[PDB]
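Each chain, written out:
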Amino acid sequence: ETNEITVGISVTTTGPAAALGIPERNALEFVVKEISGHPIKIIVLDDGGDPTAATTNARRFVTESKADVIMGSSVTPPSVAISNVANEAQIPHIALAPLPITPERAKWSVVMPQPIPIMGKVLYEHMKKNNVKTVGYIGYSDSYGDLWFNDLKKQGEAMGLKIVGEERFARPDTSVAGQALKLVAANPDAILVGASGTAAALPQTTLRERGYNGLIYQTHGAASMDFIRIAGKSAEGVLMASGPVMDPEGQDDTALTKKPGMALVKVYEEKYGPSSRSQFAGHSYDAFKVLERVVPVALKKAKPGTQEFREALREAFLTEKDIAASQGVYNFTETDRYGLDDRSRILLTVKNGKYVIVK
Ligand SMILES: O=C(O)C(=O)Cc1ccc(O)cc1
């Protein structure tokens, strides 16, 4: 009847990715604190973006906290680390960063952020519409950057785009001077930046300061105010993939995403200020929207704090259809662990220091 549901959350609230995990943690103020008469005990720990710390946190959630579900992390490397733990421990995991889904990961993990090909397709279509022919890339030297570069090669080239340079940088790097000078020399019509948070603004500002005049495209990893704050004037004209949480006011009342998105941005921005909404707050909030749907189904089969409950939650991801959330409408399957479609994305630009939808 009333025993607790335990949710362990590992997110990044210090280090280079704090811009993503802070909103994710903050959003927890606004999610339900009990479901179907069972109080939720949330245990939240910082991982610093570090896979080793995220592994530690997930392991202790399972063995010590007896968690029913684990969530996190804020960026791809720790999210991989948690999925690996979850799939060994046999515990549902809701990831808050895109990650590469492999056989080892697919059974127990689902993914809130939009998959990279959905977001790439919106960017590449705008490139084509706008007579862009040549494209350069600068992104992380890790799995997130690889996911993006592979997509640009596979989808972008399929659609006639020509890739004329690729540069990588590491997450903590404070300069991309050299990479930027190679891309400026190459002078593509557009450059795709495969990065997130504060690091996404680094190529933005560097490319402009080094004289780049083409179009710059940013991933959904960039979709918060921090980008505009840091990049300043250099952010003007940027094209950015984003989930729909960035603009619920603009959605049709028929959109399933409108009410949850309006509910989140209103309460979040009441607390944290005008335009404080972010992609990342959306993910955290939406993980609880998925839990509101799957928990009552699992409860019919088992009590919280048992392995049977973890199993029942896993099966419920597969049976509960059209989970409406701020970022999209979720339909998970055995092979699609993201579960999202075109209702899960919009295209933004920046005009006079504010995000504006691109139609
Ligand atoms: O930096 C990384 O590894 C990311 O995975 C960033 C990220 C987090 C959430 C998103 O919706 C999009 C991108």
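About the criteria used
- Residues numbered from 1 in each chain as written, not as in the entry; some residues may be left out.
- Heavy atoms only, no water.
- Helix = DSSP H or I, 4+ residues; strand = E, 2+ residues; numbered from the N terminus.
- Rg over C-alpha atoms; globule rule 2.2 N^0.38 Å.
- Buried < 20%, exposed > 50% of the residue type's maximum accessible area, 1.4 Å probe, protein only.
- Areas by Shrake-Rupley, 256 points an atom, 1.4 Å probe, with all protein chains shown as cover.
- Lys, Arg positive; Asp, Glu negative; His and termini not counted.
- Charge placed at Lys NZ, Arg CZ, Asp CG, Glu CD.
- Core = buried A, V, L, I, M, F, W, Y, C linked by side-chain atoms within 4.5 Å.
- Expected span 1.5 Å × (residues − 1).
- Near = heavy atom within 4 Å.
- Polar contact = N/O pair within 3.5 Å; in protein donor to acceptor, adjacent residues only side chain to side chain.
- Nonpolar A, V, L, I, M, F, W, Y, C, P; charged D, E, K, R; others polar.
- Domains from an automatic or database assignment.
- Axes fitted to C-alpha atoms, helices over the stretch in contact; angles between N-to-C directions.
- Parallel < 35°, antiparallel > 145°, perpendicular 65-115°, else oblique.
- Left-handed = near helix turned anticlockwise from the far one by under 90°.
- Contact = heavy atoms within 4.5 Å.
- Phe/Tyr/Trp six-rings, centres within 6.5 Å; stacked < 30°, edge-to-face > 60°.
- Pairing = 2+ DSSP bridges.

Per the deposited record, X-ray crystallography is how this structure was determined, to a resolution of 1.4900 Å.

(A) Inspection of the overall build of the protein chain at higher detail. Secondary structure summary: the protein chain contains 11 helices and 15 strands in total. Rg of the C-alpha trace for the protein chain: 20 Å, near the compact-globule value of 21 Å for 359 residues, within the 12% margin. Projected onto the principal axes, the alpha-carbon positions of the protein chain cover approximately 65 × 40 × 35 Å. Counting across all 359 residues of the protein chain, residues that qualify as buried make up 58%. Total accessible area on the protein chain is roughly 14,200 Å²; 52% of this is exposed by carbon and sulfur atoms. Positive and negative side-chain charges of the protein chain, numbering 41 and 41 respectively, have mean locations separated by a distance of 3 Å.

(B) Main features of the nonpolar core. Among the nonpolar cores identified, the biggest contains 92 residues, and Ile94, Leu123, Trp148, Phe227, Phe288 and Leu291 are the most heavily contacted of them. Here this core gets 10 residues from one element, more than from any other, and that element is helix 10 (residues 279–299). Ranked by size, the runner-up nonpolar core spans 12 residues in total, among them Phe61, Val62, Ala67 and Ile91.

(C) Structural context of helix 7 (residues 197–209). With 13 residues, helix 7 extends 19 Å from end C-alpha to end C-alpha; this agrees with the ideal 18 Å at 1.5 Å per step. Within helix 7, 10 of the 13 residues are buried, leaving the element largely enclosed by the surrounding structure. Within the sequence span of helix 7, burial applies to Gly197, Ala199, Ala200, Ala201, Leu202, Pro203, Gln204, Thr205, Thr206 and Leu207. Immediately downstream of helix 7, the backbone of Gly211 shows phi near 95 degrees, a positive value.

(D) Looking closely at the site of the ligand. Of all residues adjacent to the ligand, which total 17 residues, the nearest are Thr76, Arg171, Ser196, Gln279 and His283. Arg171 places a polar side-chain atom, nitrogen or oxygen, 2.8 Å from an oxygen atom of the ligand. Within the side chain of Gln279, one N or O atom sits 3.1 Å away from an oxygen atom of the ligand. Here the ligand, which alone exposes 340 Å², has 100% of that area covered by the protein. The biggest single contributor to the shell around the ligand is helix 10, with three residues. When its residues are assigned to classes, the shell around the ligand shows nine nonpolar, seven polar and one charged. Looking at the shell around the ligand, you find at least three residues from each of domain 1 (1–117 + 253–341) and domain 2 (118–252 + 342–359).

(E) Local environment of the packing of helix 2 (residues 51–63) against helix 3 (residues 76–89). Their axes nearest at 8 Å, the elements helix 2 and helix 3 cross at an angle of 30 degrees. As summarised for this structure, helix 2 and helix 3 are arranged roughly parallel, according to the angle between their axes. For the pair helix 2 and helix 3, the crossing hand works out as right-handed. For the pair helix 2 and helix 3, the contacting residues are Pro51, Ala54, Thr55, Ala58, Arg59 and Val62 in the first and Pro77, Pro78, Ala81, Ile82, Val85 and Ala89 in the second. Of the residues belonging to the contact of helix 2 with helix 3, the class tally is 10 nonpolar, one polar and one charged.

(F) Structural context of unusual backbone geometry. Omega for the peptide link from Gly72 to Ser73 comes to -5 degrees, which places this bond in the cis form. Of note, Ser275 is a non-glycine position whose phi angle comes to about 60 degrees, a positive value. Residue classification places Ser275 among the partly exposed positions, given a relative accessible area of 43%.

(G) Up close: the packing of aromatic side chains. The full count for this structure, using the stated rule, is seven aromatic pairs. With a centroid separation of 4.8 Å and an interplanar angle of 40 degrees, the aromatic rings of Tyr268 and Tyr272 are classed as tilted. Taken as a pair, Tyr268 and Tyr272 lie in helix 9 (residues 258–272) at a separation of four residues, close to a single helical turn. By relative accessible area, which is 4% here, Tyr268 ends up buried. By relative accessible area, which is 35% here, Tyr272 ends up partly exposed. These aromatic residues form a ring-pair network of at least three members: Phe30, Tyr268 and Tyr272.

(H) Layout of the sheet that holds strand 2 (residues 34–35). The six strands lie next to each other as 2-3-1-4-5-6, forming an open sheet whose pairing is mixed. Looking at the sheet topology across the chains shown, the edges are occupied by strand 2 and strand 6 (109–111). Against the sheet, helix 3 touches strand 1 (5–11), strand 4 (69–72), strand 5 (93–95) and strand 6, its axis set at about 165 degrees to strand 5.

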